[PDB]
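Structural characterization, general
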Amino acid sequence: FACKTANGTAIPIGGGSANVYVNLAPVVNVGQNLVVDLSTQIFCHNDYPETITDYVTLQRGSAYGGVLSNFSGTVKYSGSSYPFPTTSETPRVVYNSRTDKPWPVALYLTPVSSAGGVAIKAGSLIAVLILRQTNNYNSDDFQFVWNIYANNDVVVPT
Ligand SMILES: C/C(=C\[C@H]1O[C@H](CO)[C@@H](O)[C@H](O)[C@@H]1O)c1ccc(-c2ccccc2)cc1
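If you check the header, you'll see the entry was determined by X-ray crystallography and the resolution is listed as 1.302 Å.

Naming follows the PDB entry, where the chain appears as FIMH of Escherichia coli. Under its PDB record, the entry appears with the title "Complex of the FimH lectin with a C-linked para-biphenyl methylene alpha-D-mannoside".

Structure representation (structure tokens):
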């Protein structure tokens, strides 16, 4: 089991860490979500599906900088919404193919009343997401840690 970003940044067997750089809608108003769709950014596969099935959760996710300050968040895992920053581990997604498939995570961030002006700075950390991989074969239990960065400012009009 290993993962990679869309631009090819890999985390190998055993887990590790990588940075992910995302484009964000530049203007977001109150009552709208800023969507950060990581299912187009992070992909994983099973290296031995003949014999092993892998299980993958979002073990935890945290918000940083302008994201935590200026927005109310949820994370959708396989299309289902949970609190973000997280307070528990998600259900487990089955990875049973050597063909890469997305990690099905997306953040939905809606402005709170104190948002106004530059709500997310270009270059800033928006989230750290911990992908946990186990399997049905042995005790392997590995963490793939993704630091998510904004490619551009996001402004909330006032
Ligand atoms: C590829 C592999 C393990 C990796 O790939 C597995 C499948 O994705 C993961 O579940 C593991 O955590 C690890 O990332 C592997 C496991 C067992 C054997 C094996 C084969 C014959 C006899 C004993 C063990 C070979 C490869």
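With that settled, the discussion passes to the sheet that holds strand 9 (residues 93-95). Sheet architecture is open: five strands sit in the order 3-14-13-6-9, paired in mixed fashion. Two strands in the sheet have a free side with no partner beyond their single neighbour: strand 3 (16-22) and strand 9. Each strand axis lies, on average, 30 degrees off the axis of its neighbour in the sheet, ignoring direction. For strand 6 (residues 54-63) and strand 13 (residues 125-135), the ladder comprises nine bridges, and the chain directions are antiparallel. Within the sheet, the bridge partner assigned to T57 lies in strand 13 and is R132.

What follows covers the packing of aromatic side chains. Summed over all chains, the structure comprises four aromatic pairs. Judged by centre distance (5.5 Å) and plane angle (20 degrees), the ring pair of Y21 and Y149 falls under stacked. Placement of the pair is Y21 in strand 3 and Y149 in strand 14 (residues 142-150), with a sequence separation of 128 residues. On the basis of relative accessible area, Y21 is assigned to the partly exposed category, the value being 46%. For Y149, a relative accessible area of 18% gives the class buried. Between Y77 and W103, the aromatic rings sit 6.4 Å apart at their centres with planes inclined by 80 degrees, giving edge-to-face as the arrangement.

Moving on: the site of the ligand. All residues in the neighbourhood of the ligand are listed as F1, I13, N46, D47, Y48, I52, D54, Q133, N135, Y137, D140 and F142. Between the ligand and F1 there is a distance of 2.8 Å, counted from an oxygen atom to a backbone nitrogen or oxygen. Separating an oxygen atom of the ligand from a side-chain N or O atom of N46 is a distance of 3.2 Å. The fraction of the free accessible surface of the ligand (560 Å²) that becomes covered by protein chains is 63%.

Here we take up the pattern of salt bridges. Close approach of charged atoms allows side chains with opposite charge to pair. Within the structure shown, the criterion is met by three salt bridges. The closest approach of N and O atoms between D141 and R132, which form a salt bridge, is 2.9 Å. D141 gets classed as partly exposed once you look at its relative accessible area, which sits at 36%. Three or more residues are tied together by salt bridges with common partners; here these are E89, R132 and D141.

Sheet topology places strand 3 next to strand 14; seven bridges connect them, and they run parallel. In the strand pairing of strand 14, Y21 is matched with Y149. Looking at chain direction, strand 13 and strand 14 are connected through eight bridges and run antiparallel. By the bridge assignment for strand 14, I130 is matched with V145. The antiparallel hairpin formed by strand 13 and strand 14 contains six residues in its connecting segment.

Reading guide: rules and limits
- Residues numbered from 1 in each chain as written, not as in the entry; some residues may be left out.
- Heavy atoms only, no water.
- Pairing = 2+ DSSP bridges.
- Helix = DSSP H or I, 4+ residues; strand = E, 2+ residues; numbered from the N terminus.
- Axes fitted to C-alpha atoms, helices over the stretch in contact; angles between N-to-C directions.
- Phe/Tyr/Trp six-rings, centres within 6.5 Å; stacked < 30°, edge-to-face > 60°.
- Buried < 20%, exposed > 50% of the residue type's maximum accessible area, 1.4 Å probe, protein only.
- Near = heavy atom within 4 Å.
- Polar contact = N/O pair within 3.5 Å; in protein donor to acceptor, adjacent residues only side chain to side chain.
- Areas by Shrake-Rupley, 256 points an atom, 1.4 Å probe, with all protein chains shown as cover.
- Salt bridge = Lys/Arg side-chain N within 4 Å of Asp/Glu carboxyl O.

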